[PDB]
Amino acid sequence: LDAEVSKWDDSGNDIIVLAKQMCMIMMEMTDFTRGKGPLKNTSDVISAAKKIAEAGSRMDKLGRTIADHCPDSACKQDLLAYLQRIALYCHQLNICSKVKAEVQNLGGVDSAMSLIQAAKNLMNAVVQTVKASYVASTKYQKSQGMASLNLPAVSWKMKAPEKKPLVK
Amino acid sequence: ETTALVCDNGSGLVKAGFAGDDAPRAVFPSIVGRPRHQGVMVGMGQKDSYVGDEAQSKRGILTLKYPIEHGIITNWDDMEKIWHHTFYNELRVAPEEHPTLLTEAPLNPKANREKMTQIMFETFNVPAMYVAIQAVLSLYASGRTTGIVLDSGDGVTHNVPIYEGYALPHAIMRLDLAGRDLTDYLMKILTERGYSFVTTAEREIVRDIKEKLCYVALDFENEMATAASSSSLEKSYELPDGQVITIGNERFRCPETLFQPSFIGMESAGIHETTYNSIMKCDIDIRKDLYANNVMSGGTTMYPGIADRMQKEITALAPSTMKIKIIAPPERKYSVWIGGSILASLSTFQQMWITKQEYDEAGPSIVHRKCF
Amino acid sequence: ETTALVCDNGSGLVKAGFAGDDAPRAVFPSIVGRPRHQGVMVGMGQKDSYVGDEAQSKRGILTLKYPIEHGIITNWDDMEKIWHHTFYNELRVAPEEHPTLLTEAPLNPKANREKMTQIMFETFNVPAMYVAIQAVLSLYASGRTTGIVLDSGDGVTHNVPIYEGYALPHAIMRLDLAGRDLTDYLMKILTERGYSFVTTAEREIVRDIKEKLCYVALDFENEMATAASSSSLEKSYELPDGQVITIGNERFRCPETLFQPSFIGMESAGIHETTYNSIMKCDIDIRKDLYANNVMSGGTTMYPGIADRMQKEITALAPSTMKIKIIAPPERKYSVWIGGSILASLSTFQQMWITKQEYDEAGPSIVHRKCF
Amino acid sequence: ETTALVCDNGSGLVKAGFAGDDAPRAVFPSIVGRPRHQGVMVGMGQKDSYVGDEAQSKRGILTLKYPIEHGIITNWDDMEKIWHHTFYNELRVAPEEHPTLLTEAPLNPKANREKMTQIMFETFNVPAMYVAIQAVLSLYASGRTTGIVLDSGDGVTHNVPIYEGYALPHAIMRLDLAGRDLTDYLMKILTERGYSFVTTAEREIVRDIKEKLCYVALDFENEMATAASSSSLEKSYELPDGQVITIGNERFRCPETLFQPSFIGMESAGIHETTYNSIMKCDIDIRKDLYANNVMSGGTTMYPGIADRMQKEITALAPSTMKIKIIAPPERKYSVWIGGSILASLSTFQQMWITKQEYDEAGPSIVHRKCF
Ligand SMILES: Nc1ncnc2c1ncn2[C@@H]1O[C@H](COP(=O)(O)OP(=O)(O)O)[C@@H](O)[C@H]1O
Ligand SMILES: Nc1ncnc2c1ncn2[C@@H]1O[C@H](COP(=O)(O)OP(=O)(O)O)[C@@H](O)[C@H]1O
Ligand SMILES: Nc1ncnc2c1ncn2[C@@H]1O[C@H](COP(=O)(O)OP(=O)(O)O)[C@@H](O)[C@H]1O
Ligand SMILES: [Mg+2]
Ligand SMILES: [Mg+2]
Ligand SMILES: [Mg+2]
């Protein structure tokens, strides 16, 4: 349920764009549970899960690059926690796809559903670390080390949230 | 061209947004949760504290603590976590670009406001800040300048009488009975039905029970009598686990603590009697305008039927020759925020902030000779 | 560039392989066989003990002993023989070049884990070792982080509820009824057909009978009733000698011990009732997610139709307003291994082993303040 | 000339006798046992249920059930069996000739007390009955009228502060951690020694282990540290079968749950911290007398050394300028009975029963406007 969270543009250019790729591949992945998308058998779900695993490893790399220059605890510990979560989810997805592929070529819907739940947890972790990396980047923009990565607050496309309903 | 930030740091719901607006952008419960179990998975064990809605979603595995109890702040290391979540994580603004406006219940300790403005200056580096009384903003939100304010939040319940511009500080009546005590009394009174809610994660569930079920009776004795012939006052509420619960007279014995505080042992008067007690502390000339202008901010005045009982219970105490009008606006839960969106965006206000150059030469004691 | 070794030392099937892989390379029954006859030939009399599949092939002339009964280890001199056969004779790796990961059922004696890591260090000289709970790895293999695990192996049957990262150790329910007790009850219940299986070499044959024939009925009473009109429930199985056997209601009275442990005299609840009993030991907020995520590892949850009866038997106990989903993965017999291939190969794990330099200064008591 | 019957229907031990006496005549565990085996002998198969000591003597062949769990009564058909065994089979009196006095933990469900007095009237036909709070009788037994009562029975643990005659019902703190949870935690913590107690007939054995071995340490950390150098804290206990068991730190980790309820996962405070938490709910004037008068009824306050740790653990929380005196009477296990022998035999009480002519016109709802 991150389409309401994924209100961005094609800016950011390193973090937001692969986050949008992972969001659209989740939105096409979990449509297979409704069964009206471009996914027919189970092996394309394995290739999709391998795609999100590789993209989560790349996001883990970029999150490790931004986390070196954050000075102290206040957001850096949150960022490291979400990085360990996304590392666990991607590495679990990587070699959970292999056992489902080997079950497939040696002998049928719940097999997709486990990878669907793993991808859902991976997507929640990746939007959490996108938010945490935004906080860590725009918190310490005057600090040395952040300015060399060249990620200003304008480059993030996070608008202010909606007006909360006053009644009902 | 710059805007001002307003942040009502309530006892149960932090609300925050920009000045000049008409609704808060961020509203979330001011809870700090520590995990209390082992964490056998090798990931998801480093996240040491959770704040706001991500703690409200995961409340089964967290000890939950409110840093604000009865208006005062008892844990500064959690309150700076909540403010850090408020500005960066949900409003997504930097504090150094916007001046901020915070909210304080009247007759609070001075050390609370002092450490509040010290944390707001020497940690977030705001350009300017202002703390305002929680009840004087409700009259801004109601559009009026006369009247008394019955602000019953989650922490405290305060009545402040304000004639046209001028408050009366000798009649500010602050009572420590509010929505958290009604929640604890609902925990205590639901034991007689058989349901046991013991941990701090079940306080959220019984708070939701108080949200969707509890109303206040116009007359208490006959409504108690008709609950003995239990035919139409029971109501079923579904738990997060799936078990349904049936509630009878506990549906209206919980807000009745607001009008009879002897149920929880508090030696005080109910919110109908301290209002007439506080108007009678005022002068005899402004008493007519204060009787006829009774605003009600705060979420604990959002029970179904509290305006009718407030009017009926004042009009048995007041003289019967001029009317009582308990004006209850429909958006009143956010009312303390709405006036905060007014006063911060008002054009004649901008030379009554507390600038950083005014703070560093006078220390944190500048906040007393500026706000009240 | 080095890999990690994982070795699930189960009660009936030792499985072992390398981390990062998708299937165990070695799987063999954890049996130690001593010959019990004279041995008149002058050769073939010096081989004093047989382990693994070469004991399973020659079981007619061997007393067979499992060193692991009900999770604990009762014979260390046979368990080191089984591990020595595991590393050298079938995996063909040296233990000094690869770190190892072993598997332990929860609520086991501490002396079992202590002697296990002492044998793993001071005999095989591994660089580092880690023992993990047998049920927490099943959630790694299922791809999830919430849910309760019904791991019913050959020795024990344990239910562990784990919300997202955090286990609940006060609700770990370990029941000593598993596949070996079903095998003994099948030995006891096949006597009424006329077939007598008395020695320990016939336990393997009746285990194969349990493998290929025994299913579990959705409803037990009417399925018992239709077995009286014996027309379609009989099935013939061929023995290793050549005699065929016919099996009627014994085909489904054997897994019914999992749901009615009073058949073998165990004062307990069945695996449908201890699951709802263990979810109700948890907190009321996480109960919705635990009801909807019910993984099933272990080989004794590979009967044909145990997921349907587990769902039907929980949904008569749970509240009927939210669904129960007994998620049963098709590779679940190796599921405890698969998560062991995950956690050992995970990048954020490698500073949570037990190195040899951390063991020699603190003794074997270091394994309690590292694993659980 | 007639006497009154008193019957403390506890959660683990029914005690009963006559008023005016100094000791209960009948004390027996409130267990109902159903046989669970075949019964091949043609006699001795008709006895369908066993209650009291004849079930405690034959517990190997019976499923044992307590009808009272955590103060409330979950099985009325067994509770009337226990009361029928109490009056006729062991006290040998008729209920129609003596008025009766029963005992109830505070903050119980009203339906429990309602069905209790309905069963006491319309089944046994007592002349009059009265139900009293389990903690207010402990002050009668201690000879005092001021003080707070820490009644930790088998079901519940309740703290009731009572100044001279007048209780404070808004400070009655009832915690669901008592001797049965310590028994279950001792079952859980003795698994690490190797001993498995799984059935409900072994709960009696581990309860006896808790009886004769478990003490509570004055300081927990250094006593845990000296158990690592295992030289003098082990103790051997003989089982009913003949096997001896050795117990080390499990001897004092079992009562430590009373002061750290996070061991069994309970989000609460220990009985040292809810006492200071409950005194602070009272008023500031009576706080001096409540600090200096701390009675302790209930059997779970009969551990060797609980008074010393209770005093040491309060005096780190209380202000250090006036003393804490945990008064621990030596007969305190029967203390709830002793005050019941006082209040029923008191001369000014006999117009405060509930007569049968007062019950039939008002129904079972008369018990709420008479007792509390
Ligand atoms: N419709 C309602 N009915 C009953 N109680 C309400 C309602 N809305 C809010 N509340 C109570 O009011 C509180 C809302 O927080 P509030 O006190 O308005 O924040 P603040 O502390 O900033 O004033 C909640 O704790 C809840 O108990
Ligand atoms: N396909 C199957 N059908 C029925 N039972 C099975 C099947 N596969 C395995 N089992 C049972 O499960 C056991 C397999 O060992 P297992 O319990 O998985 O090892 P571990 O004790 O390590 O979990 C065997 O004893 C057998 O009784
Ligand atoms: N000498 C003792 N040492 C430790 N614990 C005891 C002792 N005597 C009794 N107990 C505990 O107190 C309980 C005795 O029952 P009790 O609680 O007195 O009955 P009631 O529920 O009627 O008060 C037992 O469960 C046991 O755990
Ligand atoms: Mg407030
Ligand atoms: Mg096993
Ligand atoms: Mg008792």
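Engineer: Any chance you could explain the pattern of salt bridges here in plain terms?
Structural biologist: Where charged atoms from two side chains of opposite charge come close, those side chains can pair. Residues and elements named next belong to chain B. Summed over the entire model, instances satisfying the criterion amount to 57 salt bridges over all chains. Linking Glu192 and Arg253 is a salt bridge whose minimum nitrogen-to-oxygen distance equals 3.5 Å. In this pair, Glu192 sits in the loop between helix 5 (179–189) and helix 6 (202–212) while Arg253 sits in helix 8 (residues 250–253), placing the two residues 61 residues apart along the sequence. We classify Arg253 as buried; its relative accessible area is 11%.

Engineer: Looking at this structure, how should I read the sheet that holds strand 4 (residues 32–35) of chain B?
Structural biologist: Hydrogen bonds between backbone atoms are what pair the strands of a sheet, whose relative direction is either parallel or antiparallel. All names here are of chain B. Taken together, the three strands give an open sheet; going across it, the order is 5-4-6, and neighbouring strands pair in antiparallel fashion. Both outer strands of the open sheet, strand 5 (50–51) and strand 6 (62–65), are each paired with one neighbouring strand and no more. Bridge analysis of strand 4 against strand 6 gives four bridges, and the strand direction is antiparallel. Bridging from a neighbouring strand, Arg34 pairs with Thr63 of strand 6. Sheet strands in contact with helix 2 (residues 76–91) are strand 4 and strand 5, and its direction is about 110 degrees off that of strand 4.

Engineer: Help me understand the interface of chain C and chain B, please; the structure alone is not making it clear to me.
Structural biologist: Reports often express the size of an interface as the amount of accessible area lost when the parts come together. Facing 28 residues of chain C, the contacting portion of chain B comprises 25 residues. Overall, the association of chain C and chain B removes approximately 2,400 Å² of surface from exposure, summing both partners, and the carbon and sulfur fraction of that is 69%. If you sort the residues of chain C by the area they bury against chain B, C:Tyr166, C:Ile284 and C:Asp285 come out on top, with a joint share of 33%. At the junction of chain C with chain B, the criterion picks out three salt bridges. Across the pair B:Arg59 and C:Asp285 runs a salt bridge, and its minimum N-O distance is 2.9 Å. The tally of links from chain C across to chain B stands at five residue pairs in polar contact. Looking at the side of chain C that touches chain B, the elements that each hand over two or more residues are helix 4 (136–142) and helix 10 (287–291) of chain C. When residues in the side of chain C that touches chain B are grouped by element, the largest group, three residues, is from helix 10 of chain C.

Engineer: Any chance you could explain the interface of chain D and chain C here in plain terms?
Structural biologist: Between chain D and chain C, the contact holds 10 residues from the first and eight residues from the second. Around 960 Å² of area is buried between chain D and chain C when both sides are counted, 57% of it from carbon and sulfur atoms. The tally of links from chain D across to chain C stands at zero salt bridges. Taken together, chain D and chain C are joined by three residue pairs in polar contact. Per-class residue counts for the side of chain D that touches chain C are one nonpolar, six polar and three charged.

Engineer: Just checking my understanding: could you explain the relation of the copies chain D and chain C for this structure?
Structural biologist: Both copies of the chain are related by one operation, a rotation about an axis with a shift along it. Between the two copies, chain D and chain C, the superposition gives an RMSD of 0.0 Å; the rotation angle is 167 degrees and the shift along the axis is 27 Å. An asymmetric contact is evident, with only 10% of the interface residues of chain D recurring at the interface of chain C.

Engineer: It is not clear to me how the state of the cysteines should be interpreted in this structure. Could you clarify?
Structural biologist: Going through the model one piece at a time under the given rule, you end up with zero disulfides over all chains. Distance from the sulfur of A:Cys23, which forms no disulfide, to the nearest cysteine sulfur (A:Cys90) is 18 Å. For D:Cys214, which is in no disulfide, the shortest distance to another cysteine sulfur is to D:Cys254 and amounts to 4.3 Å. Its relative accessible area of 2% is what places D:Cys214 among the buried residues.

Engineer: Help me understand the packing of aromatic side chains in this model?
Structural biologist: Where two aromatic rings form a pair, the distance of their centres and the angle of their planes describe that pair. Taken as a whole and judged by the stated rule, the model has 25 aromatic pairs over all chains. Connected via pairs of aromatic rings, a cluster forms that spans B:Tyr185, B:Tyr215, B:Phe220, B:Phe252 and B:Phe263. In this structure, C:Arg180 is placed above the aromatic ring of C:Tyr66, and the distance from its NZ or CZ to the ring centre is 3.9 Å.

Engineer: How should I be thinking about the side chain of B:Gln56 in this particular structure?
Structural biologist: Residues and elements named next belong to chain B. As for its placement among the helices and strands, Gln56 is situated in helix 1 (residues 53–57). Residue classification places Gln56 among the buried positions, given a relative accessible area of 17%. Within polar-contact distance, the side chain of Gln56 engages the side chain of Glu204 at 3.5 Å. Residues contacting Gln56, with those up to four places away along its chain left out, are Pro29, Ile31, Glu204 and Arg207.

Engineer: Explain unusual backbone geometry to me, please; I cannot follow it from the model alone.
Structural biologist: For residues besides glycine, phi is generally negative; the peptide bonds are generally trans as well. Backbone geometry at B:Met44 places phi at a positive 55 degrees, although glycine is not the residue there. You can see B:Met44 is positioned in the loop between strand 4 and strand 5. By relative accessible area, which is 4% here, B:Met44 ends up buried. With a phi close to 60 degrees, C:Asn125 is a non-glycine residue in the positive phi region. When you line up the elements, C:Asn125 lands in the loop between helix 3 (110–122) and strand 10 (128–133).

Engineer: I keep staring at the site of ligand 3 and nothing clicks. Help me out?
Structural biologist: Residues and elements named next belong to chain D. Ligand 3 sits among 15 residues. The nearest are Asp8, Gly10, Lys15, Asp154 and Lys210. Separating an oxygen atom of ligand 3 from a side-chain N or O atom of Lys15 is a distance of 3.1 Å. Contact distances for ligand 3 include 2.7 Å between an oxygen atom and a side-chain N or O atom of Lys210. A total of 560 Å² of accessible area belongs to ligand 3 in isolation, and the protein chains cover 94% of it. Mapping the shell around ligand 3 onto the domain boundaries places at least three of its residues in each of domain 1 (2–28 + 70–135 + 335–368) and domain 3 (136–182 + 272–334).

Engineer: What's the story with helix 12 (residues 335–343) of chain D in this structure? I'm lost.
Structural biologist: Each full turn of the α-helix corresponds to 3.6 residues, which orients residues three or four apart in the same direction. All names here are of chain D. The element helix 12 is largely enclosed, with a buried count of eight among its nine residues. Among the residues of helix 12, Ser335, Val336, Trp337, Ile338, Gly339, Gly340, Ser341 and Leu343 are the ones counted as buried. As for helix 12, its buried residues are in contact with strand 1 (5–9), strand 2 (14–18), strand 9 (100–104), strand 10 (128–133), helix 4 (136–142) and strand 11 (147–152).

Reading the values: the criteria
- Residues numbered from 1 in each chain as written, not as in the entry; some residues may be left out.
- Chains lettered and ligands numbered in written order.
- Part of a larger assembly, values for the part shown.
- Heavy atoms only, no water.
- Salt bridge = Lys/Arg side-chain N within 4 Å of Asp/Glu carboxyl O.
- Helix = DSSP H or I, 4+ residues; strand = E, 2+ residues; numbered from the N terminus.
- Buried < 20%, exposed > 50% of the residue type's maximum accessible area, 1.4 Å probe, protein only.
- Pairing = 2+ DSSP bridges.
- Contact = heavy atoms within 4.5 Å.
- Axes fitted to C-alpha atoms, helices over the stretch in contact; angles between N-to-C directions.
- Buried area = accessible area lost by both parts, 1.4 Å probe.
- Polar contact = N/O pair within 3.5 Å; in protein donor to acceptor, adjacent residues only side chain to side chain.
- Nonpolar A, V, L, I, M, F, W, Y, C, P; charged D, E, K, R; others polar.
- Least-squares fit on C-alpha atoms.
- Disulfide = S-S within 2.5 Å.
- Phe/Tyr/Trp six-rings, centres within 6.5 Å; stacked < 30°, edge-to-face > 60°.
- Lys NZ or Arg CZ within 6 Å of the ring centre and 35° of its normal.
- Near = heavy atom within 4 Å.
- Areas by Shrake-Rupley, 256 points an atom, 1.4 Å probe, with all protein chains shown as cover.
- Domains from an automatic or database assignment.

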